[PDB]
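Written below as C-alpha cells is the structure these notes are about.
Cβ: placed from backbone, ideal geometry, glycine included. Neighbour counts: every protein chain shown. Every read-out reported here was derived from the displayed coordinates using simple, explicitly stated rules and does not represent laboratory data.
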Number of protein chains: 6
Amino acid sequence: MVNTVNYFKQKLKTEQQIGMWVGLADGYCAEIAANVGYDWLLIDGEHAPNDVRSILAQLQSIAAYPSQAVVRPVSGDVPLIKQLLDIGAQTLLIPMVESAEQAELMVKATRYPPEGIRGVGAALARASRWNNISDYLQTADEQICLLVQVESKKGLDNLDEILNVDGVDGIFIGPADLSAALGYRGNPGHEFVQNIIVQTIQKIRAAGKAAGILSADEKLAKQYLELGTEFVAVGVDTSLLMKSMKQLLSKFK
Amino acid sequence: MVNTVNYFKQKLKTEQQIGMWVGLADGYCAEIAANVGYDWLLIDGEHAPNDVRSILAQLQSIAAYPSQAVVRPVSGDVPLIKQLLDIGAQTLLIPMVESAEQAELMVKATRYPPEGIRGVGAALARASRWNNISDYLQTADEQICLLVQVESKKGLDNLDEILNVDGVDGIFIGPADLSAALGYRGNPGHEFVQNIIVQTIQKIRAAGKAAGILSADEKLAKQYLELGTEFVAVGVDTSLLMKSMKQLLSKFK
Amino acid sequence: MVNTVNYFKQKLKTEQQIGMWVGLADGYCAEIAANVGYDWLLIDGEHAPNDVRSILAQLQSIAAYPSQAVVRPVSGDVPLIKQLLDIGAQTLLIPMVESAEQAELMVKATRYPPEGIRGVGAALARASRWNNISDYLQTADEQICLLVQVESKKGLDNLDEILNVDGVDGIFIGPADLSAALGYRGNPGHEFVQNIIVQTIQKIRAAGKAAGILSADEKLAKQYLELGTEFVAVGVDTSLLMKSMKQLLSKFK
Amino acid sequence: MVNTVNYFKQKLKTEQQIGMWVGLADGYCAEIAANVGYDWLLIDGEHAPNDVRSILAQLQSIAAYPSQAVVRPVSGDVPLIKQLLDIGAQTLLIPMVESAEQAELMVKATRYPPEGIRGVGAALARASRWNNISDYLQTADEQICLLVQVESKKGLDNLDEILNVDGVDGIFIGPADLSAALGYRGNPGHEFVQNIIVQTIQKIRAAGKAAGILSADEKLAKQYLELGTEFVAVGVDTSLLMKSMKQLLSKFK
Amino acid sequence: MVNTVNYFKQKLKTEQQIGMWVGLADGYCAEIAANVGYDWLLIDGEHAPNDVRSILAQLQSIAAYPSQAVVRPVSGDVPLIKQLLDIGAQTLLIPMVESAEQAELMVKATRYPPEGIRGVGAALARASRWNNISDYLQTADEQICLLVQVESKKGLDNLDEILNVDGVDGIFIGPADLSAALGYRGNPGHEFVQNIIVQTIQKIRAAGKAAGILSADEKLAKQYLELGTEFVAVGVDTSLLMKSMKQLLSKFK
Amino acid sequence: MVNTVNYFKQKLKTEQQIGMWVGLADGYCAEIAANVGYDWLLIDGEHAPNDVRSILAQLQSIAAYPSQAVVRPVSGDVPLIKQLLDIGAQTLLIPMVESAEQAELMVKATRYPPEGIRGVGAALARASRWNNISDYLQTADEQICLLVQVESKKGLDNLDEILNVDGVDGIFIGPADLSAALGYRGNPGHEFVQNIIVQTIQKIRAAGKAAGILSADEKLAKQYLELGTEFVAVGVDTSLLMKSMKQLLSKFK
Ligand SMILES: [Ca+2]
Ligand SMILES: [Ca+2]
Ligand SMILES: [Mn+2]
Ligand SMILES: [Mn+2]
Ligand SMILES: [Mn+2]
Ligand SMILES: [Mn+2]
Ligand SMILES: [Mn+2]
Ligand SMILES: [Mn+2]
C-alpha cells in the first residue's frame, strides 16, 4: 500500500476548504457528517468528550469518505500528539499556541527522529497500516500537516515569530477563546475583535502560511472566505443538531 | 421513593403530544434531544443500532429532563419486553402488530403475574430503583403504557379486533411500512395511502384509543394534529443532523 | 490445555454451594464479587442489563478466582444458549421452564451433535480457548451443567415430568416469579407459598436432582440449607450495594 | 450518492472469491483483516461474541477497503436480519437452513414489501446513508445477497428443494456442524464426510447456485477451488492469531 | 434554560453535607448511589478507573437526582480541568495541592478569560447544554466550586498561604495520603496524625474556608462533624460492596 | 488474601523470560495471547490505542493465566503511573528515559510515601483487591518492578548514571526509537546500531541490572538471548495477525 495522501495539506496552497466541527464524540455521528461532502472534518479532542480510542473509531468511520480528517488534541502535549499520529491522524490542530518556541516543539512532535521527536512504533500503528504501508517510516513525515491556534493575547504578541516557524503549515484563529482573552467573552462579533481577526488573517497569508477560522455566523464566514482564508469551518454538529430540533419543535410548540 | 408517574400515558387523554425520534443510538445524543422540550422521545430499538445496554444509557440521560421516554423494541418479543421494562422504560411501542391475539399477548407481556406474564426481578431493576421504590410490585402496572403499530395489510385487516383489546392504550400508524405493504414503497404521500391513514386515525379515536403517527412532512403532521391525533412525532434526529449539515454546506458548496 | 473442570457440577452431589447474584452487569463489579469466596456467582442475563459481550467481560474477570460462574440467559432460546456456551459459560440457569418437552430441548441445546443441537464453532470459542484445548469437541459435554427454573403454576403442573428428564442436573425455584404466579406478588414469605416451596425442594431431591433457590432472607436461606438444598444463593449485589449505602447514610442523616 | 454495488454478489457468477473469517469481534481487528486483500470478510455473529453494535463498528472499519463484508447472524431470525440489513450489511450468511420453506422466509426477510417482509426505516439506516442515497428504497433489493448454510442431515434431506428457491444466491457447506451431525464430530476430513461435501458442491453448482465452504486445511481448500466452488473461506482470524503466537514461542520455548 | 445552581457550593456556608465516594467507575453503579440521598457524590478520576467519557456517563446518571456531583481529576492538570468543566462538573476536588501558587493556578483553571484560563467552547459543552443555557458564558463562573486537598507535608507547610487564596472554596484533608506522608502509612488513626488533622480543620474554618475529609470510621467521621467540618464523606462504594458481600457470606461460610 | 507475587520481578535474576507485545488493545485479544505460554505480555499504552480502562480490561483477562503482565504507559507521567499501579499493573516499562534524575523520579512514582510519591487509595484499587489484601499498604512496594527504556542519544549519554539508580530493576533497549535517533530510521539491523545495542546490553548486565529488548527478527532475538539478555520480547500481536493473514492469502492469491 502507498501512504494515504494528505489532500487537506496539498489544498492549503490550491483552494479554500470548507469544514465541519465534529463534537458528537461517536463513530456513528462522525460517519453521518462524513456523507455530507465537507472538505474537512475537525474531530475535537479539546471541547468534546473524546479520547484516543473514541477518536480512532471516528477516523475509521470517516476513512471510507473523501472528507479529510483533522484532529484537535486537548493541548500541545507531545505524548498525546504521538498517540494521535499513530492511530492515523495526518493533520493536527494544536490549541493555545503562544510562542515560536512552542510552535517549534509542535513541529518536532509531528516528525520522526532524528529531525523530530515523534516516537517510533510503526509495527503497532494504524498510521502505517501495521507496516502494510511498507515504506511508511520513509514517507510518513511528508503527509503530516501541523496547524496551530492563535487565540490569546500572548499568541498575538508572538504572531510574527510563530509565522516564521518552518513546519507550521497553517495558523487557525479561535474567536471564542480570543474574544474572551480580549475581555469580550461571548461577543466576538464586536468591531474591536473583528478588526484584530482581519489584520491577523492578512498577516498569516502575507507570511505564506494558510489562515483558518471557525464561525457559525454565515456572514462572517463568507467575509473570511472573501479575504482568502484557506480553511474555514462553518458550523458544529452539536449546534446544528440542537438548532434543527428546536426550530422543528417551534413549528408545533 | 414513589414510582415515576407516566405523564405520557395520562396526557393520551388530555392533550396532543409532540415527539422526536431518537435513532442516534447514544446517551450523549439522547441528552441533546432531551434539552429541546419535546413531549416524548422515541428511543428506536427497531431501526437504530440499539440494544438493552445502549437503551439504558439513553433512559439515564433523558431521565433528568421532562420529555417522556418511549422505547420501540425490534419486535413483539416477550423476553425483550421484560428486559426493556426492567431497565425502566414505562411506554413501549410494538411494531408490526397484526391481530387481537398478538395485541393481547403484548398487554400480558407488560403486566406482572398473575394477570400478566412480565418476569419479576424487582431487586435487580432500575425500574424499581433496586427496590428503593418500596411498593413497586404493587404500583408498577398502573404506570405502564402499551402502544402497538398498525403498518401492514394484515394489521388493517384486524384493526377493529385490535381496537377492542383492553390494555392497548394507543395505536400508532407507520407510514413507511404501510405505504410499502400497499405497493407504494417510498411514496406514503399518495392519496390512496393518505385516505387509508385518515380513515384509520378516525376509527382509532372512535374506539376511545389514542392514535399516533410519525411524519417528517410538516403539512401532513399538522393535518394529523387537526384530526385530533394524540401522539405525533414530527421528525428524526438522524434526518435533522444530515439535513442541517447539507443545508449549511450548500451555502458555501 | 485441559478443559476447565466444572466443579459446580461435581459439588451438586457432594456439598451445599453458597451463591451470590451478580446483576451489576460489569466486569469490574463481577471481579469485586469474585474476591469474596462464594461457591458460585450467577451472571444474570434475564433481570440485569447484560448481553453476550458484557457477560463475556464478567466471565473473563471471574475466571482468575475459584468462584464458579453460572449464567442465566433471558429465556430458553437455543441460539442464545449456543452463544453463551461458546464464550465459555459451563453452567446455565434457564428461567420459566414449564414442561418435560422444553427441558429436553434445553438438554439438547447444551450438547454437541449428533446427540444434541449445540452449534459447532470451536475455532472461534473462548470455551475451547480457540482450540488450545486440543480435545475440546470430545471433552466439552461432560463439563456442561444444565439448571432449569420452576417458577410458574405450569412448571409446578409438570414438576414430576421435568424431574424425569435425563440431563437436567438441577431444578431452581424462583420465589419472586412463583409467588406472583400464585397471586402473592411481593409476598413469597406467606405460608401458602413456603409450603409449596418446601414440598417442591423435597420432590426435587427425592428424584435424585439438585435443588436450588435464591432468598435474601437469612432465616429462609438457612431453612432451605437445613432441608439439604444443594445450591442456595443468599443475596444480590445490586441489593447489597443499595442497602449498605442506605444504612451508612442513616447513621448521619 | 448511488447505492453501494454488491461486488461479492456479482462475482458469484464471474470468479472464485477467497474469504477470511472475522471472529475477533472488534472494529480494530476487522480493519487489520481488511488491509490484507481477501475478496470477502465474514463478520461472524453466530460463533464470535458480536451484536448489532459491534458488527456495525466492523462494517464501518472495513468499508474503506475493497474486501466485501458478509455477516452471519446467530440464526435465521427475521427481526435480527432486518437490523443487520439497516446497519448496511449487503450479504448475509444464514446458518442451519433445513427446508425450502425456511429458505423462502429468508428470501422475504431480505426484500422490501410488498414482495418481501424487510421492515422499512430508511431515514434511520446506515444502509441508505440516512437517505443520502436518495433512491435507496427503489435500488436496495438489487444489491442484497442471500447465502444459506446446509450443515445438518435435515438440510441435506431438503437440498434439492432449497436449490429450487429463487432468491437463494448461494449455499454454503459448514463442515464442523455437518461432520458433527453425521457422527464424525471434530473429524470432517473422513472420506464419508468429504464424499458428501463433494457431491453437495456438485449439486449446488448443477442447479445454477454459487457453492461455498470454509476450511483451514489448505489441501481441502484447494480441492474445493479445483471443483469450481465460488466462495471459499480459507482461515479464521482467531485461529491464525493463536497459531502464529504459538509457532513463534516454540522457536524459543 | 437557567444554569444549574451549584447547591453544594451554597451549602458550604449553611450546613454540613454528607458524601459518598463513587469509585465503581460506571453510569449504572453511580445511579444506584444517586438514589440513596447523599448530599454529595465524589466521582473519583484519581483512584478509580475513570476517564472523561466514563465520568460524563456518571454525571448523566446522577443528574436526575438531588445529590450534588463533585469530580476529582487525577491531578491538578489545567487541560483535564477544562475537559471536566465542559462535560458539566461544577465542583472539582484537586488532589495533592502544595502551594498558594498551585492553588491560584487551579482558581484560574476554573474561570473563563479574561480573569481565568478556562478554555472557551460553549457550543460543544454539556455544561452550557450546547448553548441551550443562553447566557452560560456570563453565568458559568458563579456556579463553579473549587476544593483543593492538603495531604502532604509540603501542603501542611503551605496551609496558611493556601487558606489566603481567594477562589479556594474548601480545603479537603486526605487521611490516607497524609498518614503515609507522615510515616504512618495505613494508620491514620494514630494520635500524631489525628492531632494534625484536628488542628488543620480548625485553621481551615478560622480562615473562613469550608473544611472537608473522608473517613469510613464512623467514630472519626462523627468527631469531624462535631468540629463543624462542612463536607464529610463517610464511605466508599467499592468498600461497602466488598464488605456487605463478605459479611453476608460469613453467615453461611 | 496475599499480594500477588511478581514472578517476572524474581525471574529477572534466575532465568531469561520470553515476551509477546500486546497492541491489539482489547480484553478478548489479550486473553488469546495469555493462552500461548509467554513468560510476559507487554500491554502497550504508548503505541497501541489503550487507556487506563482498556488496560484494566486486559489485566483482568490475562490474570487467569500464568503469563506476567507488564504495562508501558505513554510517557514517564507520575499521575498516569499512579493510575496504572492502582488497577493492578505490578511491572511498568517507562519509555524514553534520558537521565538518572528522571529514573529516580520513576522509582519514587512506584513506591508509597514516605519513601516515594505513589498516591494512596487502597480502598478503591484492584491492586489491593479493594483491601481484600489486608496488608497491601505494607507488602505492595516489594512486588513492584520498574523497567526504563534507553532508546535515544541522551539516554545513551546518561547510561552509566541510570545504571547506578537503586530501584531501576531493568533497562530495556528500544531498537526502533534508537535506530531513528542514530539516523538509521527503519534500519536497526545496521552494524553501527547493533554494535551500540550489544555494548549497551553488556554494560546493563555488568552493573547488575536486567537487560531487555524487543526484536521480531529471530536471529537477532536469539543473539540477544545468547548474550544473557534477561527479558526478550520476540514478536508483536498486530504484526503476527497481519503476517499470518497475508501469508495464507498468498497461497490462493
Ligand atoms: Ca451490546
Ligand atoms: Ca476511554
Ligand atoms: Mn479555542
Ligand atoms: Mn414501521
Ligand atoms: Mn424468576
Ligand atoms: Mn456451522
Ligand atoms: Mn489522597
Ligand atoms: Mn520505543
- Message: So, in the stretch E:205-230, exactly how many residues are assigned to a strand (DSSP E or B) and in contact with an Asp or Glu (Cβ under 8 Å, 6 or more places away or on another chain)?
- Response: 3
- Query: Do we find that C:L163 is within 30 Å of E:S67 (Cα to Cα), out of contact with any strand residue (DSSP E or B) (no Cβ under 6 Å at 6 or more places or on another chain) and hydrophobic (A, V, I, L, M, F, W, C) in this structure?
  - Reply: no
- Note on the structure: The lone condition E:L214 fails out of (1) touching a strand residue (DSSP E or B) at 6+ places or on another chain (Cβ under 6 Å); (2) away from every other protein chain (no Cβ under 13 Å) is (2)
- Would you be able to tell me the number of residues in the stretch D:15-29 that are within 14 Å of chain C (Cβ to nearest Cβ) and either more than 21 Å from D:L227 (Cβ to Cβ) or within 16 Å of ligand 4 (Cβ to nearest atom) (or both)? 7
- Failed item in (1) without any contact (Cβ under 8 Å) to a residue 40 or more places away in the chain; (2) out of contact with any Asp or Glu (no Cβ under 6 Å at 6 or more places or on another chain); (3) not basic (K, R), with B:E142 passing the rest: (1)
- Residues located in the stretch B:185-220, provided they are within 14 Å of ligand 4 (Cβ to nearest atom) and over 18 Å from B:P95 (Cα atoms): B:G186, B:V193, B:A216
- Task: Filter the helices (runs of 4 or more DSSP H) completely within the stretch F:136-204 down to those with at least 3 residues that are more than 16 Å from ligand 6 (Cβ to nearest atom) and either closer than 18 Å to F:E104 by Cβ or away from chain E (no Cβ under 14 Å) (or both).
- Result: F:153-157, F:159-163, F:175-181
- Which ones in the stretch C:48-73 are small (G, A, S), closer than 25 Å to D:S54 by Cβ and more than 7 Å from every other protein chain (Cβ to nearest Cβ)? C:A69
- Unique match (being surrounded by fewer than 18 Cβ atoms within 10 Å (Cβ to Cβ) and among the hydrophobic types (A, V, I, L, M, F, W, C)) among B:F172, B:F192: B:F192
- Query: Which one is farthest from the chain's Cα centre (by Cα) among residues in the stretch C:132-169 that are surrounded by fewer than 23 Cβ atoms within 10 Å (Cβ to Cβ) and small (G, A, S)?
  - Reply: C:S134
- Quick one: how many residues across the stretch D:1-31 are in contact with a strand residue (DSSP E or B) (Cβ under 9 Å, 6 or more places away or on another chain), within 23 Å of A:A57 (Cβ to Cβ) and in a helix (DSSP H, G or I)? 2
- Would the stretch F:68-79 turn up any residue that is among the basic types (K, R) and either in contact (Cβ under 8 Å) with a residue 60 or more places away in the chain or within 30 Å of D:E31 (Cβ to Cβ) (or both)? yes
- Item | Selection from the stretch C:165-218 of residues that are touching a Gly at 6+ places or on another chain (Cβ under 8 Å), farther than 15 Å from C:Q149 by Cβ and either touching a residue at least 40 places away in the same chain (Cβ under 8 Å) or among the acidic types (D, E) (or both) | C:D217
- Query: Does the stretch A:176-187 hold any residues that are buried (at least 22 other Cβ atoms within 10 Å of the Cβ) and out of contact with any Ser or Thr (no Cβ under 6 Å at 6 or more places or on another chain), and which are they?
  - Reply: A:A176, A:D177, A:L178, A:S179, A:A180
- Note on the structure: Per the list (1) among the aliphatic types (A, V, I, L, M); (2) under 23 Å from B:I117 (Cα atoms); (3) over 15 Å from the mean Cα position of the chain (by Cα), residue check on B:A64 breaks on (2)
- Complete set of residues in the stretch D:134-184 that are within 30 Å of B:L178 (Cβ to Cβ) and acidic (D, E): D:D135, D:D141, D:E142, D:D166, D:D169
- Options D:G76, D:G45: the member that is more than 7 Å from every other protein chain (Cβ to nearest Cβ) and touching a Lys or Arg at 6+ places or on another chain (Cβ under 8 Å): D:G45
- Query: Hey, any hits in the stretch D:104-112 for a residue that's within 24 Å of B:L178 (Cβ to Cβ), more than 16 Å from ligand 1 (Cβ to nearest atom) and facing chain B (nearest Cβ under 9 Å)?
  - Reply: yes
